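Chemist: to kick things off, part of the complex as it is:
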Amino acid sequence: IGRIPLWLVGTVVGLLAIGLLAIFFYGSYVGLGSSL
Amino acid sequence: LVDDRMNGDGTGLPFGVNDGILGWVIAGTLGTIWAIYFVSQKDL
């Protein structure tokens, strides 16, 4: 209870979600579905 | 030409006026409203 800050947890989850969305947007320009 | 036309579309006319009468009626109307407001401002 309160060992790791909740704002720190939410911030780390936010960077992970932003990075996952960045990978998803980068994959639209490479590989399958890249129109090339 | 087969008809009379204003021929004022374009040519960069200031405020769209092509005759002096338009500028004069604009100035006269604005001056009349300004005069009424000036002699009748501050409520009283």
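Modeler: Sure thing, it's come through. Numbers count the residues shown, from 1 in each chain, chains lettered A, B, ... in the order given.

Chemist: what about the residue most central in space within chain B, which helix or strand?
Modeler: What sits nearest the mean C-alpha location of chain B, by C-alpha atoms, centre = their mean, is residue B:26, with 2.2 Å. According to DSSP states H and E, residue B:26 maps onto helix B:20-39.

Chemist: hang on, the earlier thing: for the residue nearest to the centre of chain B, give its distance to residue B:35.
Modeler: From residue B:26 across to residue B:35, the span is 15 Å (C-beta to C-beta, to the nearest Å). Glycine gets a C-beta too; all of them are placed from N, C-alpha and C.

Chemist: ok, now residue B:7?
Modeler: 35 Å.

Chemist: do residue B:15 as well
Modeler: Residue B:15 is 21 Å from residue B:35, by C-beta to C-beta.

Chemist: that older thread, assess the claim that the residue nearest to the centre of chain B and residue B:14 are in contact.
Modeler: No: in this structure, residue B:26 is not within contact of residue B:14 by C-beta atoms under 8 Å, at 10.7 Å.

Chemist: can you count the residues close to residue A:17?
Modeler: Here the number of neighbours of residue A:17 (other C-beta atoms under 10 Å in any protein chain shown) works out to 10.

Chemist: what does residue B:13 give?
Modeler: Neighbours of residue B:13 using other C-beta under 10 Å come to 12.

Chemist: and it, what is it in contact with?
Modeler: Not one residue lies near residue B:13 by C-beta atoms under 8 Å, 6 or more residues apart in numbering or on different chains.

Chemist: extend the structure above with chain C:
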Amino acid sequence: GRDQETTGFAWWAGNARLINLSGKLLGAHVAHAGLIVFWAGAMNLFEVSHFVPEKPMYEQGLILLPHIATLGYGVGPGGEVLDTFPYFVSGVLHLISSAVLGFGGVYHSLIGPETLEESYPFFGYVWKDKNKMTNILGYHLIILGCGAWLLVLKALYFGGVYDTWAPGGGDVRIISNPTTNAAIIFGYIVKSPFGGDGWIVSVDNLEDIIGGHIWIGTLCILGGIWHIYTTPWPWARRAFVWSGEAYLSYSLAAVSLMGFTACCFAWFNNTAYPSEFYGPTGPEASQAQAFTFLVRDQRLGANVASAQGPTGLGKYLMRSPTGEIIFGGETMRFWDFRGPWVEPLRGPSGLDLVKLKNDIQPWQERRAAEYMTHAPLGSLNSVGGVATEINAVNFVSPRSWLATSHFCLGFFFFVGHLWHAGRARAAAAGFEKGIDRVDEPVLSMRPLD
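Modeler: Okay, chain C now, added to the rest:
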């Protein structure tokens, strides 16, 4: 900072908590200015690093390298780039200046003086001090007049600014004898905003551009001195609301008008925004389609003056609403387009049939990259032209980008002006928080029916 229990503003309105804090307000401003100059330097360095020299400076998604290139920094005769060192120098100088500004903004936001009046009376200001606010406005007006005169100096004495209307396809041309005619400048500012004229997007020459800049710089300096040495008149006091929120709303309305106006410059102007750097405008590539198809179909052998379309109006040439001879396609809406590759081909009456037949120039023929791709279509995820085009070419027009974005942000800033003007009026009246519930104005009014 502070909490909501003392300031009364929630976190999503936290910048309101520093309305009455002069030092923190100044720190927020200086940090934000550092943000602007940081974007300028970083995006300039990004565009320089992502610059391919053989391609023109619009197939690469570059928007501000054309802004430096218009000033004449590293631009060849025809429109080539020559060198990117001025662009690199501009980016690095902006980055270092942004570092300095960010340090100052962070300092004044964190450990600067909380309120400026008790220690620095020159910089301290209450929002109800009309003389002090006009003093600050005068300082900024003199600064902006000096900024406009800096562009004037660059055009006049430092051998700069690129002219598209120079013969041969433009050149970096030092400007001599700018038109400082008050009739010309103010006839530009008071004329119609529609297709025949265009209110502010009508400058066809750098002489009128620099004359207007001379006028705006001199007027800004004089108005700055005037605001320094005056106090607002009683009619202005009765007309305006004197608060920091009302001043913000005035600035928001003015800057939203500027945003819409800049969107219109971007879409239509090809003089302050050269086609060699920004790509074709809306009217061109459409005029270029008709022009290139006319010259191609008369190169095959078919005459273009006596050729009519399916509707009997002319596949290549027709007449405008006024008796000028214009291009006969659907581009009859864009018959007002003025381009450097059109005017020597154009005469007093119309498009000069004899000039179309004989006096066509090879560089005007080679200016078919205007038409080919690069018409300001392009889709949101790049791809080619119209919405039904396939994934072939990676291009969207920079004019399209910084017209669409600027219209979006201009409309948002008009909305913000509405919000802040209303809240400032409600704050000055006394009911920004709601109705007093014991004496509401409605119960003191007669019913409608």
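
Chemist: since we added chain C, can you redo the contacts of residue B:13?
Modeler: C:191, C:192, C:197 are the contacts of residue B:13 under C-beta under 8 Å, 6+ apart.

Chemist: which of the helices or strands spans residue A:32?
Modeler: Residue A:32 belongs to no helix or strand, assigned by DSSP H and E.

Chemist: regarding residue C:402, what is its secondary structure?
Modeler: Counting by DSSP: H, G, I helix; E, B strand; the rest coil, the backbone at residue C:402 sits in helix.

Chemist: how much space separates it from chain B?
Modeler: Separation of residue C:402 from chain B (C-beta to the nearest C-beta, to the nearest Å): 26 Å.

Chemist: also residue A:25?
Modeler: 47 Å.

Chemist: rewinding a little: so what's the residue nearest to the centre of chain B up against?
Modeler: B:15, B:17.

Chemist: next one: residue C:214
Modeler: So residue C:214 contacts C:149, C:152, C:178, C:180 (C-beta under 8 Å, 6+ apart).

Chemist: and the second one, how many neighbours?
Modeler: Okay, so that is residue C:152. 22.

Chemist: can you check the last one too?
Modeler: Using other C-beta under 10 Å, residue C:180 is surrounded by 15 other residues.

Chemist: surely it meets residue C:211?
Modeler: Yes: look at residue C:180 against residue C:211 with C-beta under 8 Å: they come within range, at 4.6 Å.

Chemist: so the residue nearest to residue C:325 when sequence neighbours are not counted, which of the three states?
Modeler: Of all residues not flanking residue C:325 in the chain, residue C:350 sits nearest, at 2.3 Å (C-beta to C-beta, 6 or more residues apart in numbering or on different chains). Look at residue C:350: counting by three-state DSSP, its state is coil.

Chemist: add one more, call it chain D:
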Amino acid sequence: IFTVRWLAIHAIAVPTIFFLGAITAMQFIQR
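Modeler: Now chain D, sitting on the chains shown earlier:
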């Protein structure tokens, strides 16, 4: 725990994480 909250939360969370890993893997698949 293993209550209704645990079951619903994990029935949403586990396949979403599995599918997200699958999609991140499919981002690097090339023809």
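
Chemist: revisit the neighbour count of residue A:17 given that chain D is now included?
Modeler: For residue A:17, using other C-beta under 10 Å, the count is 11.

Chemist: ok, now the one 4 residues further on?
Modeler: Neighbourhood size, residue A:21 [other C-beta under 10 Å]: 10.

Chemist: report all helices and strands that the strand or helix carrying residue C:149 contacts.
Modeler: Using DSSP H and E, residue C:149 sits in helix C:130-156. Here helix C:130-156 touches helix C:206-228, going by 3 or more C-beta pairs under 8 Å, 6 or more residues apart in numbering or on different chains; DSSP states H and E.

Chemist: next structured bit after the helix it packs on?
Modeler: By DSSP H and E, the next helix or strand past helix C:206-228 is helix C:234-239.

Chemist: now whatever residue of chain A ends up closest to chain C: how far from residue C:373?
Modeler: Chain C sits closest to residue A:35 of chain A, with a gap of 3.6 Å, by C-beta to the nearest C-beta. Distance of residue A:35 to residue C:373, computed by C-beta to C-beta: 17 Å.

Chemist: just residue B:41 next, same as before
Modeler: 61 Å.

Chemist: then residue C:169?
Modeler: 19 Å.

Chemist: within range of chain B, give me the residues from the stretch 151-300 of chain C.
Modeler: C:186, C:187, C:188, C:190, C:191, C:192, C:196, C:197, C:202 (C-beta under 8 Å from any C-beta of the partner chain).

Chemist: if we go to 10 Å?
Modeler: C:183-184, C:186-192, C:194-199, C:202, C:234-235, C:238 (C-beta under 10 Å from any C-beta of the partner chain).
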